[PDB]
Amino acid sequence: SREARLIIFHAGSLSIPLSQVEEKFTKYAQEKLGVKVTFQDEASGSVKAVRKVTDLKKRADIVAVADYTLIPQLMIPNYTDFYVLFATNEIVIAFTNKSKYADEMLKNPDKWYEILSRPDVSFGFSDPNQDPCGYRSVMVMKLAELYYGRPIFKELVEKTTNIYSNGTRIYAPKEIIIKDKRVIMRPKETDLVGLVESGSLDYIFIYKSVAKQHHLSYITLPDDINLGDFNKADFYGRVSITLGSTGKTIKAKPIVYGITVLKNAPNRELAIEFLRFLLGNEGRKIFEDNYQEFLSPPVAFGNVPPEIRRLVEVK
């Protein structure tokens, strides 16, 4: 095959570094594999990306998600038999100098929930049923309620939408309704960036890597609630969310991205070469430069391709 195409369904937060890795792989594929490669890339919230394969039965070679959990939970063994954990992230609150009370937010980051509770302030997060950034945002507000001892989840989520909780279990209905129009929602977190940049939306919950990639202002949240501290897994794990889209429950946990090549990938050998290139030195460098460093090393589970065995730790 001289000319080949790779179809990748992936998390929206991976868009920027993935696009750069794809560019470099195209050159590499020609020079080392003698193949002219083109990508049929489809960015969406990770839950939707997985469902496109498992429920809508669409064709794809590679699926890369922002929450590795989704792969063993929904794709194994029918669609794939392995997955690789390869990068991490944390949730931050992003904005720009045009956002209302931006200076105050920067100066008093610990009072972030008081500013978001103001009626004249608009904030957004992605759809929990489609995007891990969105279900993580809701979980972060629940952890915030538990951590600070203030009614943050009741104020920011239950008052503004029909997403609800009982104890530490959160429920995202199939049909989400926004009651307070100062709250904006979009299918994936990266859709929120344009809204903040234009100044029409004041604050957004989003990954630190995405905020830095788009040069947005942001404040960090406590490690006990931001999902970036691996030592807080037991505390994070007390909170969970049940998605209307899949009917399944996902626990809040340290953020770890996952990737896999499908059993019926149309260009499976080429897809595996791409995975080897991505987890290799060139991919690692590109992700580091986009503020999302790889795990050292990435960890792989299941029937791992021998081609990437020197690049991952098998479990």
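Heads up: residue numbers just count along the shown sequence, starting at 1.
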item: 134-142 set against 182-190, stretch whose average Cα temperature factor tops the other in the entry; value: 182-190
item: Stretch with the higher entry mean CA B-factor, where the candidates are 195-203 and 68-76; value: 195-203
item: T88, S240, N97, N129, ranked by C-alpha B-factor: the highest one; value: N97
item: Candidate residues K159, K208, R169, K232, the one whose C-alpha B factor the record puts highest; value: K159
item: Cα B factor band for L295 (lowest, middle or highest third within the chain); value: highest
item: Assigned third (lowest, middle, highest) for the C-alpha B factor of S46; value: lowest
item: Chain-wide C-alpha B factor ranking for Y236, given as lowest, middle or highest third; value: lowest
item: B-factor third for the C-alpha atom of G12 within its chain; value: lowest
item: Ranked C-alpha temperature factor of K263 among modelled chain residues, by third; value: highest
